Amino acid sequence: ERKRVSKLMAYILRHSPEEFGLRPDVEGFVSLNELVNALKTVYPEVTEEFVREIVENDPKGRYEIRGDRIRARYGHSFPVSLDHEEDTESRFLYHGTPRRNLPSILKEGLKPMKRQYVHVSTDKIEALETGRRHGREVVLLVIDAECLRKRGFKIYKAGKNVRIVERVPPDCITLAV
């Protein structure tokens, strides 16, 4: 049950709020009341406290609540002004992706594709888990963070391990494993 409701929250808060009549503010926030009513049109047993539990217990830091407002921290496919802190300490960042994507990435770099930002991780396991969601022969990409910073692509702390960046030029991918 928790996972079904969390997935629908991610759909609403990252991709299609307007399908439920919700309009996020410039920071990606909608009211908690609004989200709850939206979720109840699919899962009528949902309550504000159950959503608060989802948020507190999320293992990746998917969600954030500011008072009576909630957003997804990352993953959006529509414009958001996020106020996350910069990751200045990480030396290496990781991105897992099916091997079938590697020729294109070696030419183009990582691109945000359908989302606003490229997502990477400080954590090798989480990067690989993400890649494996997409397909079978996952490669772990090792990314030189300081390369990114040098080229004006600042990295931001979007979740526990999740990091967001505008793009990752192929020169900043040091290894594919």
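Residue indices: 1-based, along the sequence shown.
Greater mean Cα temperature factor according to the PDB record, 1 to 9 or 166 to 174: So the stretch with the higher mean C-alpha B-factor is 1 to 9.
Mean C-alpha B-factor comparison - 59 to 67 and 114 to 122, higher one: Result: 59 to 67.
Among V142, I54, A145, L128, where is the Cα B factor highest in this entry? Of the options given, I54 has the highest CA B-factor in the PDB entry.
Give the position of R23 by CA B-factor within its chain, expressed as the lowest, middle or highest third. For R23, the deposited C-alpha B-factor lands in the highest third.
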